[PDB]
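With TSV, N, CA, C and O atoms inside, this is target_26.tsv:
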```
chain	number	residue	atom	x	y	z
J	1	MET	N	26.39	27.83	-36.61
J	1	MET	CA	25.63	27.01	-35.66
J	1	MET	C	24.97	27.89	-34.61
J	1	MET	O	25.62	28.36	-33.68
J	2	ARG	N	23.66	28.10	-34.76
J	2	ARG	CA	22.91	28.92	-33.81
J	2	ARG	C	23.00	28.34	-32.40
J	2	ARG	O	22.11	27.62	-31.96
J	3	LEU	N	24.08	28.67	-31.70
J	3	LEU	CA	24.29	28.19	-30.34
J	3	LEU	C	24.31	29.35	-29.35
J	3	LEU	O	24.66	30.48	-29.70
J	4	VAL	N	23.93	29.07	-28.11
J	4	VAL	CA	23.90	30.08	-27.07
J	4	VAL	C	24.33	29.50	-25.72
J	4	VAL	O	24.07	28.34	-25.43
J	5	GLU	N	24.98	30.32	-24.91
J	5	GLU	CA	25.44	29.89	-23.59
J	5	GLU	C	24.33	30.00	-22.56
J	5	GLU	O	23.93	31.10	-22.18
J	6	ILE	N	23.83	28.86	-22.11
J	6	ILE	CA	22.75	28.83	-21.12
J	6	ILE	C	23.31	28.63	-19.72
J	6	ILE	O	22.80	29.20	-18.75
J	7	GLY	N	24.36	27.82	-19.61
J	7	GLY	CA	24.97	27.57	-18.32
J	7	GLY	C	26.43	27.16	-18.43
J	7	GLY	O	26.96	27.05	-19.54
J	8	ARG	N	27.07	26.94	-17.29
J	8	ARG	CA	28.47	26.55	-17.27
J	8	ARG	C	28.74	25.56	-16.13
J	8	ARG	O	28.15	25.66	-15.06
J	9	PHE	N	29.64	24.62	-16.38
J	9	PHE	CA	29.99	23.61	-15.38
J	9	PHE	C	30.86	24.22	-14.29
J	9	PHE	O	31.94	24.73	-14.55
J	10	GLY	N	30.37	24.15	-13.05
J	10	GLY	CA	31.11	24.70	-11.93
J	10	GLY	C	32.05	23.68	-11.31
J	10	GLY	O	33.22	23.60	-11.67
J	11	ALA	N	31.53	22.91	-10.36
J	11	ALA	CA	32.33	21.89	-9.68
J	11	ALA	C	31.77	20.50	-9.94
J	11	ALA	O	30.58	20.31	-10.19
J	12	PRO	N	32.65	19.49	-9.87
J	12	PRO	CA	32.27	18.09	-10.10
J	12	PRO	C	31.40	17.54	-8.97
J	12	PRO	O	31.82	17.52	-7.81
J	13	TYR	N	30.20	17.09	-9.31
J	13	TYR	CA	29.28	16.54	-8.33
J	13	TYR	C	29.86	15.29	-7.68
J	13	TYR	O	30.95	14.84	-8.02
J	14	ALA	N	29.11	14.72	-6.73
J	14	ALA	CA	29.55	13.52	-6.03
J	14	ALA	C	30.16	12.51	-7.00
J	14	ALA	O	30.02	12.64	-8.22
J	15	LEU	N	30.85	11.51	-6.46
J	15	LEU	CA	31.49	10.48	-7.27
J	15	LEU	C	30.50	9.90	-8.28
J	15	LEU	O	30.89	9.36	-9.31
J	16	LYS	N	29.21	10.00	-7.96
J	16	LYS	CA	28.16	9.49	-8.83
J	16	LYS	C	28.45	9.82	-10.29
J	16	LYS	O	27.98	9.14	-11.20
J	17	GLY	N	29.24	10.88	-10.51
J	17	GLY	CA	29.58	11.28	-11.86
J	17	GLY	C	28.79	12.50	-12.31
J	17	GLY	O	28.78	12.83	-13.50
J	18	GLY	N	28.14	13.17	-11.37
J	18	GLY	CA	27.36	14.35	-11.70
J	18	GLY	C	28.21	15.59	-11.85
J	18	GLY	O	29.34	15.64	-11.35
J	19	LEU	N	27.68	16.59	-12.54
J	19	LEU	CA	28.41	17.84	-12.76
J	19	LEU	C	27.51	19.04	-12.48
J	19	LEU	O	26.44	19.17	-13.07
J	20	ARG	N	27.96	19.92	-11.59
J	20	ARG	CA	27.20	21.11	-11.24
J	20	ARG	C	27.06	22.04	-12.44
J	20	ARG	O	28.00	22.74	-12.81
J	21	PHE	N	25.88	22.04	-13.04
J	21	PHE	CA	25.61	22.88	-14.21
J	21	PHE	C	24.74	24.07	-13.83
J	21	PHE	O	23.57	23.91	-13.47
J	22	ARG	N	25.32	25.27	-13.90
J	22	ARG	CA	24.60	26.49	-13.56
J	22	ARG	C	24.14	27.21	-14.82
J	22	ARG	O	24.90	27.96	-15.44
J	23	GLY	N	22.88	26.99	-15.20
J	23	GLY	CA	22.34	27.62	-16.38
J	23	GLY	C	20.89	28.04	-16.20
J	23	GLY	O	20.27	27.73	-15.19
J	24	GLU	N	20.35	28.75	-17.19
J	24	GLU	CA	18.97	29.21	-17.14
J	24	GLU	C	18.02	28.05	-16.83
J	24	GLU	O	18.34	26.88	-17.05
J	25	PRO	N	16.83	28.38	-16.32
J	25	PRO	CA	15.81	27.39	-15.98
J	25	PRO	C	15.21	26.72	-17.21
J	25	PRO	O	14.55	25.68	-17.11
J	26	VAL	N	15.43	27.33	-18.37
J	26	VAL	CA	14.91	26.80	-19.63
J	26	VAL	C	15.57	25.47	-19.97
J	26	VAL	O	15.11	24.75	-20.86
J	27	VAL	N	16.65	25.15	-19.27
J	27	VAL	CA	17.37	23.90	-19.50
J	27	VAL	C	16.52	22.69	-19.14
J	27	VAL	O	16.76	21.58	-19.62
J	28	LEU	N	15.52	22.91	-18.29
J	28	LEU	CA	14.63	21.84	-17.86
J	28	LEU	C	13.78	21.35	-19.02
J	28	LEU	O	13.03	20.38	-18.88
J	29	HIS	N	13.90	22.01	-20.16
J	29	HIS	CA	13.14	21.64	-21.35
J	29	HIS	C	14.06	21.09	-22.43
J	29	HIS	O	13.60	20.64	-23.48
J	30	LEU	N	15.36	21.12	-22.17
J	30	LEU	CA	16.35	20.62	-23.12
J	30	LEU	C	16.53	19.12	-22.98
J	30	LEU	O	15.97	18.50	-22.07
J	31	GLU	N	17.30	18.53	-23.89
J	31	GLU	CA	17.55	17.10	-23.86
J	31	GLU	C	19.05	16.81	-23.92
J	31	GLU	O	19.55	15.94	-23.20
J	32	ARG	N	19.76	17.53	-24.78
J	32	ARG	CA	21.20	17.35	-24.93
J	32	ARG	C	21.94	18.64	-24.60
J	32	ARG	O	21.33	19.68	-24.38
J	33	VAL	N	23.27	18.55	-24.56
J	33	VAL	CA	24.10	19.71	-24.25
J	33	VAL	C	25.40	19.68	-25.04
J	33	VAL	O	25.72	18.69	-25.70
J	34	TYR	N	26.15	20.77	-24.98
J	34	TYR	CA	27.42	20.87	-25.69
J	34	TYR	C	28.53	21.35	-24.76
J	34	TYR	O	28.48	22.46	-24.22
J	35	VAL	N	29.55	20.51	-24.58
J	35	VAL	CA	30.67	20.85	-23.72
J	35	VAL	C	31.70	21.70	-24.46
J	35	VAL	O	32.56	21.17	-25.16
J	36	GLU	N	31.60	23.01	-24.30
J	36	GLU	CA	32.52	23.93	-24.96
J	36	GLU	C	33.96	23.67	-24.52
J	36	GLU	O	34.38	24.11	-23.45
J	37	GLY	N	34.71	22.96	-25.35
J	37	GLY	CA	36.09	22.65	-25.03
J	37	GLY	C	36.50	21.27	-25.50
J	37	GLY	O	37.62	21.07	-25.96
J	38	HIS	N	35.58	20.31	-25.37
J	38	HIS	CA	35.86	18.94	-25.77
J	38	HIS	C	34.91	18.50	-26.89
J	38	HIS	O	35.30	18.47	-28.06
J	39	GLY	N	33.68	18.17	-26.53
J	39	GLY	CA	32.70	17.74	-27.51
J	39	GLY	C	31.28	17.85	-27.00
J	39	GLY	O	31.05	18.26	-25.86
J	40	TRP	N	30.32	17.47	-27.84
J	40	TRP	CA	28.91	17.52	-27.46
J	40	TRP	C	28.56	16.37	-26.52
J	40	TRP	O	29.04	15.25	-26.69
J	41	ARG	N	27.71	16.66	-25.55
J	41	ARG	CA	27.28	15.65	-24.58
J	41	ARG	C	25.76	15.61	-24.47
J	41	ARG	O	25.07	16.52	-24.92
J	42	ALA	N	25.25	14.54	-23.86
J	42	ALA	CA	23.81	14.38	-23.68
J	42	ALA	C	23.43	14.37	-22.21
J	42	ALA	O	24.25	14.02	-21.35
J	43	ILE	N	22.20	14.77	-21.91
J	43	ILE	CA	21.72	14.81	-20.54
J	43	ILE	C	20.98	13.52	-20.18
J	43	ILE	O	20.14	13.04	-20.95
J	44	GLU	N	21.28	12.98	-19.01
J	44	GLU	CA	20.64	11.75	-18.55
J	44	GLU	C	19.74	12.02	-17.35
J	44	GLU	O	18.62	11.51	-17.27
J	45	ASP	N	20.23	12.83	-16.42
J	45	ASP	CA	19.48	13.17	-15.22
J	45	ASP	C	20.01	14.45	-14.58
J	45	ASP	O	21.21	14.56	-14.31
J	46	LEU	N	19.13	15.40	-14.33
J	46	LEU	CA	19.51	16.67	-13.72
J	46	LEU	C	18.43	17.17	-12.77
J	46	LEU	O	17.27	16.76	-12.86
J	47	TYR	N	18.81	18.06	-11.87
J	47	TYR	CA	17.88	18.62	-10.90
J	47	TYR	C	18.50	19.79	-10.15
J	47	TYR	O	19.70	19.79	-9.85
J	48	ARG	N	17.68	20.80	-9.85
J	48	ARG	CA	18.15	21.98	-9.14
J	48	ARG	C	18.29	21.69	-7.64
J	48	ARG	O	17.30	21.58	-6.93
J	49	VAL	N	19.53	21.58	-7.19
J	49	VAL	CA	19.81	21.31	-5.78
J	49	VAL	C	19.94	22.60	-4.99
J	49	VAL	O	20.96	23.28	-5.06
J	50	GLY	N	18.91	22.93	-4.22
J	50	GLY	CA	18.93	24.14	-3.43
J	50	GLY	C	18.96	25.40	-4.28
J	50	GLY	O	17.94	25.83	-4.80
J	51	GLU	N	20.15	25.98	-4.42
J	51	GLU	CA	20.32	27.19	-5.21
J	51	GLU	C	21.25	26.95	-6.39
J	51	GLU	O	21.88	27.88	-6.90
J	52	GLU	N	21.35	25.70	-6.81
J	52	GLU	CA	22.21	25.33	-7.93
J	52	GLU	C	21.61	24.18	-8.73
J	52	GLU	O	20.56	23.64	-8.38
J	53	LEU	N	22.28	23.80	-9.81
J	53	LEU	CA	21.82	22.71	-10.66
J	53	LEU	C	22.94	21.72	-10.94
J	53	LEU	O	24.09	22.10	-11.14
J	54	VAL	N	22.59	20.43	-10.95
J	54	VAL	CA	23.57	19.38	-11.21
J	54	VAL	C	23.13	18.50	-12.37
J	54	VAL	O	22.26	17.64	-12.22
J	55	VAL	N	23.75	18.70	-13.53
J	55	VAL	CA	23.43	17.92	-14.72
J	55	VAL	C	24.36	16.73	-14.86
J	55	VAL	O	25.57	16.84	-14.65
J	56	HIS	N	23.80	15.58	-15.22
J	56	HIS	CA	24.58	14.36	-15.39
J	56	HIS	C	24.73	14.02	-16.87
J	56	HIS	O	23.81	13.48	-17.49
J	57	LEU	N	25.90	14.33	-17.43
J	57	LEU	CA	26.17	14.05	-18.83
J	57	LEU	C	26.30	12.55	-19.08
J	57	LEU	O	26.76	11.81	-18.21
J	58	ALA	N	25.90	12.11	-20.27
J	58	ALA	CA	25.97	10.70	-20.63
J	58	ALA	C	27.42	10.23	-20.70
J	58	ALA	O	28.27	10.89	-21.31
J	59	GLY	N	27.70	9.10	-20.07
J	59	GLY	CA	29.05	8.56	-20.08
J	59	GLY	C	29.80	8.87	-18.80
J	59	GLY	O	30.41	7.99	-18.19
J	60	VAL	N	29.76	10.13	-18.38
J	60	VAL	CA	30.45	10.56	-17.16
J	60	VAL	C	29.89	9.84	-15.94
J	60	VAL	O	28.85	10.23	-15.40
J	61	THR	N	30.58	8.80	-15.50
J	61	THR	CA	30.15	8.03	-14.34
J	61	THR	C	31.27	7.92	-13.31
J	61	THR	O	31.34	6.95	-12.56
J	62	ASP	N	32.13	8.93	-13.27
J	62	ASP	CA	33.24	8.96	-12.33
J	62	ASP	C	33.78	10.37	-12.16
J	62	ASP	O	33.73	11.18	-13.08
J	63	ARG	N	34.29	10.67	-10.97
J	63	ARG	CA	34.83	11.99	-10.67
J	63	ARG	C	35.86	12.40	-11.72
J	63	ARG	O	35.95	13.57	-12.10
J	64	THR	N	36.64	11.43	-12.19
J	64	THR	CA	37.66	11.69	-13.19
J	64	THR	C	37.06	12.29	-14.45
J	64	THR	O	37.40	13.40	-14.85
J	65	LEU	N	36.16	11.54	-15.09
J	65	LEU	CA	35.50	12.01	-16.31
J	65	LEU	C	34.86	13.37	-16.09
J	65	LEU	O	35.02	14.28	-16.91
J	66	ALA	N	34.13	13.51	-14.99
J	66	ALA	CA	33.46	14.76	-14.67
J	66	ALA	C	34.46	15.91	-14.58
J	66	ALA	O	34.32	16.92	-15.27
J	67	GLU	N	35.47	15.75	-13.73
J	67	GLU	CA	36.49	16.77	-13.55
J	67	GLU	C	37.02	17.26	-14.90
J	67	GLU	O	37.29	18.44	-15.08
J	68	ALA	N	37.15	16.33	-15.84
J	68	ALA	CA	37.64	16.66	-17.17
J	68	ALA	C	36.72	17.67	-17.86
J	68	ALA	O	37.17	18.48	-18.67
J	69	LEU	N	35.44	17.60	-17.54
J	69	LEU	CA	34.45	18.50	-18.12
J	69	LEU	C	34.08	19.61	-17.14
J	69	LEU	O	33.01	20.21	-17.25
J	70	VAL	N	34.97	19.88	-16.20
J	70	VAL	CA	34.73	20.92	-15.20
J	70	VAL	C	35.43	22.22	-15.59
J	70	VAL	O	36.58	22.22	-16.00
J	71	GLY	N	34.71	23.34	-15.45
J	71	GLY	CA	35.27	24.63	-15.79
J	71	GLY	C	34.78	25.15	-17.12
J	71	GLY	O	34.65	26.35	-17.32
J	72	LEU	N	34.50	24.23	-18.04
J	72	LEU	CA	34.02	24.60	-19.37
J	72	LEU	C	32.57	25.08	-19.31
J	72	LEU	O	31.88	24.86	-18.32
J	73	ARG	N	32.13	25.73	-20.38
J	73	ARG	CA	30.76	26.24	-20.45
J	73	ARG	C	29.89	25.35	-21.32
J	73	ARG	O	30.39	24.62	-22.18
J	74	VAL	N	28.58	25.41	-21.11
J	74	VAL	CA	27.64	24.61	-21.88
J	74	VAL	C	26.87	25.47	-22.87
J	74	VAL	O	26.49	26.60	-22.57
J	75	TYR	N	26.64	24.92	-24.07
J	75	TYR	CA	25.92	25.64	-25.11
J	75	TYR	C	24.62	24.93	-25.46
J	75	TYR	O	24.49	23.72	-25.27
J	76	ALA	N	23.66	25.69	-25.98
J	76	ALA	CA	22.37	25.13	-26.36
J	76	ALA	C	22.07	25.39	-27.83
J	76	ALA	O	22.65	26.30	-28.44
J	77	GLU	N	21.17	24.60	-28.40
J	77	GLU	CA	20.80	24.75	-29.80
J	77	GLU	C	19.29	24.98	-29.95
J	77	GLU	O	18.49	24.08	-29.71
J	78	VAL	N	18.92	26.20	-30.33
J	78	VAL	CA	17.52	26.55	-30.50
J	78	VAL	C	16.77	25.46	-31.25
J	78	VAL	O	15.59	25.21	-30.99
J	79	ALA	N	17.45	24.81	-32.19
J	79	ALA	CA	16.85	23.74	-32.97
J	79	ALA	C	15.94	22.87	-32.11
J	79	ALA	O	14.93	22.35	-32.58
J	80	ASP	N	16.31	22.72	-30.84
J	80	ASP	CA	15.52	21.91	-29.91
J	80	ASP	C	14.53	22.78	-29.14
J	80	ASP	O	13.39	22.37	-28.90
J	81	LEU	N	14.97	23.98	-28.76
J	81	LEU	CA	14.12	24.90	-28.02
J	81	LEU	C	12.68	24.84	-28.52
J	81	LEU	O	12.42	24.55	-29.69
J	82	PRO	N	11.73	25.13	-27.63
J	82	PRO	CA	10.30	25.13	-27.96
J	82	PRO	C	9.91	26.27	-28.89
J	82	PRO	O	10.62	27.28	-29.00
J	83	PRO	N	8.77	26.12	-29.57
J	83	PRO	CA	8.26	27.14	-30.50
J	83	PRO	C	7.78	28.39	-29.78
J	83	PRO	O	7.80	28.46	-28.55
J	84	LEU	N	7.35	29.38	-30.56
J	84	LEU	CA	6.87	30.64	-29.99
J	84	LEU	C	5.87	30.38	-28.87
J	84	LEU	O	5.66	31.24	-28.01
J	85	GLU	N	5.26	29.20	-28.88
J	85	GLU	CA	4.29	28.83	-27.86
J	85	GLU	C	4.75	27.60	-27.08
J	85	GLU	O	4.18	27.26	-26.05
```

Render the structure in this file as C-alpha cells.
Amino acid sequence: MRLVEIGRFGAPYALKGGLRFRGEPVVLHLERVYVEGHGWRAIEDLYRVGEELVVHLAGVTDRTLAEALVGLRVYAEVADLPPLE
C-alpha cells in the first residue's frame, strides 16, 4: 500500500471533536486520511490555526473519540494525490 506519513495527531481540539493534525500543506488537497493505529478515517473540515492545523475526522464529535485518535500518526495515499501537474 503506497502510503506516506504527511502529518500526525498532536492534541485533541475543542470539545467540537476536532483533532490537531500537523502535516504537510499538501493535505489541503486531500480528502480522506488514515489513522495509524486504529483504522482509516475521512476528513470533514480542517484549517490551519495560526502555526498549526486542526483536522476534523468523520464521526469524531466528542473529546472522548478524538482523544482516542490522539498521539497516532496520519498516512496518505498517492492514489488521491494530484498528477505531475

Coordinates-based distance that separates atom CA of residue J:1 from atom N of residue J:47 (Å, one decimal): 26.3 Å

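Interatomic distance, atom CA of residue J:56 against atom CA of residue J:3: 20.4 Å.
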
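One distance worth recording is that between atom CA of residue J:64 and atom N of residue J:34, which is 18.8 Å.
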
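Distances from J:70, J:65, J:60, J:6 to residue J:22 were compared using all atoms listed in the file, and the smallest one belongs to J:6.
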
Could you give me, as a PyMOL selection string, the residues within 7 Å of residue J:79, counting all atoms listed in the file and dropping anything in the same chain fewer than 3 positions from it? chain J and resi 2+76+82

Calculated over only N, CA, C and O atoms, which of the candidates J:52, J:62, J:5, J:77 has the smallest distance to residue J:20? J:52

Excluding residue J:66 and any residue of its chain fewer than 2 positions from it, enumerate the residues within 10 Å of it, using only C-alpha atoms, and give them as a VMD selection string. chain J and resid 9 11 to 20 56 to 57 59 to 64 68 to 70

Taking only chain J into account, list the residues labelled strand (DSSP E or B) by DSSP (computed from the backbone), as a PyMOL selection string. chain J and resi 3-12+19-23+32-36+40-49+52-57+73-77

With distances taken over all atoms listed in the file, which residue among J:85, J:49, J:74, J:80 lies nearest residue J:37?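 Among J:85, J:49, J:74, J:80, it is J:74 that comes nearest to residue J:37.
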